[PDB]
Amino acid sequence: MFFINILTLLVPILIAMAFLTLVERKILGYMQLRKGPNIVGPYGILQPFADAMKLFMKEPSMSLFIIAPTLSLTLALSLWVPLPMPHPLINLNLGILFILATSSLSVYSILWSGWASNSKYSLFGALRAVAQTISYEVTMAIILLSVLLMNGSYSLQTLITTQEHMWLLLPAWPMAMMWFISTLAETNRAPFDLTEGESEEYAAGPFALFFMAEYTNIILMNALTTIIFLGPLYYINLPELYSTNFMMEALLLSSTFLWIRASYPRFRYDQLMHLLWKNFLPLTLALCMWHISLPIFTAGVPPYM
Amino acid sequence: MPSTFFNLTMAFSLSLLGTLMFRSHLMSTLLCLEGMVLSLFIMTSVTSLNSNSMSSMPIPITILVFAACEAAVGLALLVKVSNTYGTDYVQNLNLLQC
Amino acid sequence: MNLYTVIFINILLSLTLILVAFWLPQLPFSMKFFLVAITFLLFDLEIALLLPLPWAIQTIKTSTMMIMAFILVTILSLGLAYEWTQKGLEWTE
Amino acid sequence: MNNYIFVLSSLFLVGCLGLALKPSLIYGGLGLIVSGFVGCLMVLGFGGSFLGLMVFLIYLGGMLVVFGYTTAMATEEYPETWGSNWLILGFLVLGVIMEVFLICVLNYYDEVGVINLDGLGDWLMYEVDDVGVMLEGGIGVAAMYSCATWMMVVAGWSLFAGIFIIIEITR
Amino acid sequence: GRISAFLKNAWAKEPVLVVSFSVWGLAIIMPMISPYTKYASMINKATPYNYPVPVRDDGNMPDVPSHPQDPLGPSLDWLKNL
Amino acid sequence: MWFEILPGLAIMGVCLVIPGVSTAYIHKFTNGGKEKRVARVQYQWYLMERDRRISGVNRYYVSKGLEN
Amino acid sequence: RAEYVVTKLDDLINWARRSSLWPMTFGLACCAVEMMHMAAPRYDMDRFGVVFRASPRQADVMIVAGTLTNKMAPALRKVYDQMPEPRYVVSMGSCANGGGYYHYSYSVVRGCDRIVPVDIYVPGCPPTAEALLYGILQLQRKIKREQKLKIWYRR
Amino acid sequence: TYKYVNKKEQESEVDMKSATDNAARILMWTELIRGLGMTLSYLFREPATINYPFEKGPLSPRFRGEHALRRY
Ligand code: SF4
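Chains as they are written, first to last, in the deposited numbering: chain H, 1 to 60, 67 to 206, 214 to 318; chain K, 1 to 98; chain A, 1 to 26, 49 to 115; chain J, 1 to 171; chain b, 2 to 83; chain a, 1 to 68; chain B, 35 to 189; chain I, 1 to 72.
Rendered as C-alpha cells:
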C-alpha cells in the first residue's frame, strides 16, 4: 500500500515537472508571438523525454559531484510528503518548519559546488546567490510565523478547517505580495535569476538533476501558496473536489511565474538586497506585530487541540 | 538513556581534545567548539524531556543563541586575522612573547 | 518507519538517475558578505525566540506576551536601523 | 529498531571524533552536519519534535551555512594533504576499534550502570501522561513569554549587542 | 507646518517607513483602546485543558454546587451570547 | 493559437490530481471506509491503542458499538 | 532478434540527439542578425526543439557565424575542445567557409574548416534564415543516418 | 527644431494627492501589472510562425542565391 502511495506521489510529479518545462516553453513562445515546440510529437509532448535521453547520452571530487545534486533532489521530493490533498501522506505538526528546513538545505549543494570548483569566477556567483537565498528564506519564514497565529498550530491540516468559510488572502495580502516573491528568489527564478544571468560547473546529468529540483520547488511553493493563502473547498465528501481546485490554482500560479519571466528584466544584485533589507524587513516585522496584536485586541485567539 | 548519555559525554571530551590540540588551523577549533555546544544542548534537552520537566527547557535555547553569537565573533576575529596577515594559520602568532 | 522508507526511496531514485548518467554513455575578501551572514544569524536567533507564539498566546498573561513580542521586534528594528545608518547595507566599496 | 538511540549516539560520537581528529575542513564539515542530523534525530526519538526542528532550522540553516561561507571566502586548503586524511582515517579506525572493545570490556564490570545491554531497549521513557494534552516542549519554550521572561530579554540583549560588536570589530 | 511638510514629502519619497511606523503605532495603541481585549484572557482561563478536581463539604460553603448542571457556579454565558 | 497548450495543461492537472485521491482512497481501503485517525497528542493515541487492544483482531479500524 | 532491435535503438537515440539540439551561437559578425531573425517568430528555431541560446558545457551543436580571425581562433578551438562529445558544428556564411570577401587578407583564417572540423556547410553573405533551417535539417539527417550501435555490435 | 525629453514643464507640487498616487504605484505595482496585461494581450493573439518545409517565406523576383548559366 504505502509503496504504491509513494509511487503515486513521486512518478506523477516528475511527469508534471517535465510537462511543466514544456508549458513554460509554449507560453513563453506564445507571449513572444511564436508557437513553441509542435513537432517532436503532437503539440510537443515528447520534447521532455527527448531532452532526458540526450542529457543521459552526453559524456561528462566525486563525493561532492554526486552528493550535491542527489541531496538537492531528495530534499525537493521529500518536501511533498506532508502536504494535505486533502488528507496528507504524513500528518506532521511542525510540517511547515520541516518544509523550511528542507528548502534551506540545498544551499549546501550550491556552496559545495563552488568550494570544489577553484574558479574565483564560480565562488563569486555562488556567494552572491547563496546570500540572496538566505536573506529571502528569512522572510519566507517570518511570513508564516506571522500568519499561523490565526491557527495556533504549525500543522498543515488546520489551515483547511480554518479557511472553511473564508480564504486567507482578503486579510494578510500585504504578505501574499511577498510570499509570492521570495518564492522567486529561493527558486532563483526571475526577476532574481542573476545566478544564471552572469556567466563567464554543471555537467549534463547534474544539470538535469538541478533543473528537476528547481522546477519541483516551483510547483511546490505554488502549491503551498494555494494551500495557505488560497484555501480550497474542504467538503469532506469531495476530496476529489479539493484536489481539483488545488490543481487549478497551482497551475494558475505556475503560469503567473511565466508571465513574469517573460515580461520583466532582471534585478541588479545590490538593488535586490536593497529591496529586501529596506522594503520588506521593516514591513515584515511591523505586520508580524500587527498580527500578534490582532488576536489580543480581538477575541480571535485560536485553539490548540 | 545512560548509554547514549555517556556517549554524548565522550563526544564532548573528544571536541575538548580537538580544541586543546591543533593541526595548524583555527576553523577546526571553532567547529569543535560548535560540536561541544551541540552535545550540551542535546544532553540538556534529553534530561528535560526525560524528567518531563518543561520550565527548564528555555535553557538550551538560551545557550544555543549564546554559542551562535560567540562563534560569530570568533569568525570575525579569524577574518580580521586572515585579512591582516594573509591566511588563517596559527604559527603566525609568534608575537607578544616580548 | 514511514519517513525512513520515503527518504531511502528518494535517495535511491536519485542515485539510480546519476548512475544512469554515468553508465549510459558507455580570492580576496568582501567584508559585506560576512556582515550579511552575521545579520542572517542574528535574525535566525530572533526566529528561534519568536516561533513559540502559537502556544505562548493561549496562556493568561497576555499583558506579558504582547509586551515581550513588541520589545523583541522593536529592539531588533533599532539594531537594524543603526546598522543601516552606519552603512552596512550599501555595498559600495 | 531497538538499538536506535545507541546507534544515533555512536554516530554523534564518531562525528565529534572526526572533528577532534582535525581533518581537512571540507571533510570535517560533513561530519559536523551528520552530527547535528543524528543528534536532532535522537532528540526526536525522545519526543522533542519542536527542539529537533528548531535545530534543523537554526543550527544547520543558520550556523553551518555561514561557517562554510566564511571558510570558503577566507581560507585556502593549502597542500597539507600528505595523505593526512588517509592516515587519520586508519587512525580513526583504530580508535573506533579501541572504543568497541572498551565498551565490550566495561559491560562486564558495570552491568546496570554505564549500560544495560541485555535490555537496552528499555529505560528511555520512564513515565508519560497518557490522557494529557499540552505536554510537548513547545510549552516549555513558550514559557519565556509568560514566565522566565529574563531568558528572552537576555537573549534579546545578546543580539542587540552582538550587532554592534561585530560591526565595530570588522572595521 | 514643518511636520506636515515632512510627511507630505515622505508620502511620495519613502512611504514604506510611513506604513511600517503607522502599523507599529496602531499595534501598540489599539489594545489599550478596544473593549474586546480582556475577553481573551477570560476565554483562555475558561478553557479546561485539565481536570477540575472536586472538594468535600465538611463546612458551610454555599457557593460551590453539588452538581455540574446546577447554576450555583461560575458562568460564562457571555461566551455564546458573544 | 492559445488552445494548443491544453495537451500539457490537462496532463499536469491529472498528474497533480492523482496523488490526493490516491492517498485518500488508499487510506480508506486500508482503514475500512473511514479515514486514517491522527494523534497530535497522547489522548488520541490512547484511544487508538485501546481500540487496538479490544478489537479482537489487534487492529484499530474496527468500531464495535453496543454489541460487546 | 538482436540486430533489428539494435538498429531500432540506434534510431531512437538518434531521435533524441536530433530533437534535443542545443546550440552555442558563436556569431562574431553580420551572419548573426540572421540567426537572431531565425530564432525570431517567423521561423521559430525552438519549434524543432532547438533552444535560442545556451552555454557550451551543456550544448550539442555549435554555429559559427562570421569572419574567423587569428585572435578569435584560439578561443574558438578552446570552446570546441571544452564542449562535450558528441559535438556537431555548423558553418554559417562565406566569411567562415572560405573567408568570403576577406579571403586574401592577412588577419583571417581562410576557412573555419582549418581550425575545426565540420559536419554542415551553409553559403551566404548573408544567407537566408530559410537556407539556415535547411542546413540544420540536413544536419538532423546526417544524424539520423548514423549506426554507432551497429558498428559496435559488429566491432 | 529641437525638443526636450525627460523633463517636466516646470517644478512639481507637493500635493497629498500626488504623493498618494506615487505611494500607490510604489506599493501595488500598477505599471508592472500593466506590463503583465500587455503580455497577456500578445498571448491571446495569432503567432506569425510558419512551417518551413510546408510553407516558405515571401520574396521578389530579384533574389540572389544559387547561380545558373543559361542558354538560348
Ligand atoms: S559572409 Fe557576409 S553576412 Fe556573413 S559575416 Fe561575412 S560579411 Fe557578414
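C-beta: ideal position from N, C-alpha, C; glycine also.
Separation of the CB atoms of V98 of chain B and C159 of chain B is rounded to 14 Å, and the pair is thereby denied contact status at 8 Å. Runs of the alpha helix (DSSP H) spanning 4 or more residues and lying entirely within the stretch 68-115 of chain H occur at 68-84 and 101-110, in chain order. In this structure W121 of chain H is buried. Its beta-carbon is surrounded by 16 or more other beta-carbon atoms within 10 angstroms. Within 7 Å of the CB of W2 of chain a, the CB atoms of chain H belong to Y30, in sequence order along the chain. Taking a C-beta distance under 9 Å as the contact criterion, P315 of chain H and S159 of chain H qualify as a contact pair.
Around the beta-carbon of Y135 of chain B, fewer than 16 other beta-carbon atoms lie within 10 Å, marking it exposed. Not one heavy atom of ligand 1 falls within 8 Å of the beta-carbon of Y122 of chain B. Taking C-alpha positions only, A216 of chain H is separated from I165 of chain J by approximately 43 Å. Residues close to ligand 1 by the beta carbon criterion (under 5 Å to any non-hydrogen atom) are, from first to last along the chain, B:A63, B:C64, B:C65, B:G100, B:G127, B:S128, B:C129, B:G134, B:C159 and B:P160. Around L63 of chain A, the beta-carbon contacts reaching into chain K at under 7 Å are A68 and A72.
Put simply, the backbone Cα of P118 of chain B is about 46 Å away from that of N97 of chain H. Taking 9 Å as the threshold, the shortest C-beta distance from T81 of chain J to chain K does not fall below it.
Residue pairing by DSSP places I97 of chain B opposite B:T59 and B:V124 in a beta bridge. Think of a sphere of 9 Å around the beta carbon of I79 of chain A: no beta carbon from chain K falls inside it, the nearest being about 17 Å out. Here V84 of chain B carries a strand assignment [DSSP, helix/strand/coil].
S125 of chain B sits away from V84 of chain B, with the two beta carbons spaced by 9 Å or more. Bounds of any alpha helix (DSSP H) do not take in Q163 of chain H, whose DSSP letter is neither H nor E. Burial state of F46 of chain J is buried, judged by a 10 Å Cβ sphere holding 16 or more other Cβ atoms. In the DSSP assignment, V143 of chain B falls outside any alpha helix (DSSP H) and carries neither an H nor an E.
Sorting J:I26, J:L51 and J:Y27 by C-alpha distance to the C-alpha of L38 of chain K places J:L51 at the top.
Using beta-carbon distances, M90 of chain A does not count as an interface residue toward chain K, since no partner is under 9 Å. For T29 of chain K, the enclosing alpha helix (DSSP H) stretches over residues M27 to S51.
Of all residues in the stretch 34-52 of chain I, only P47, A48, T49, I50, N51 and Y52 place a beta-carbon less than 9 Å from a beta-carbon of chain B.
CA-to-CA, the gap between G61 of chain J and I116 of chain H works out to about 13 Å. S141 of chain H places its beta carbon 9 Å or farther from that of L300 of chain H. Not a single CB atom of chain A sits nearer than 9 Å to the CB of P177 of chain H.
When 8 Å is used as the limit between beta carbons, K35 of chain H is near these residues of chain I: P47 and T49, in chain order. Membership of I63 of chain K in the alpha helix (DSSP H) is indicated by the continuous run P58 to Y85.
Bounds of the alpha helix (DSSP H) holding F186 of chain H are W179 to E192.
For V128 of chain J, same chain residues with a beta-carbon under 7 Å away, outside a window of 5 residues either side, do not exist. Nearest CB-CB separation between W186 of chain B and chain H: not below the 9 Å threshold. By the neighbour-count definition (other C-beta atoms within 10 Å, threshold 16), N10 of chain A is a buried residue. Under the Cβ criterion of 9 Å, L18 of chain b is counted among the residues facing chain H.
For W25 of chain b, the nearest beta carbon of chain A is closer than 9 Å to its own beta carbon.
Around the C-beta of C129 of chain B, 16 or more other C-beta atoms lie within 10 Å, and the residue is accordingly described as buried. When DSSP states are grouped into helix, strand and coil, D130 of chain J belongs to the coil group.
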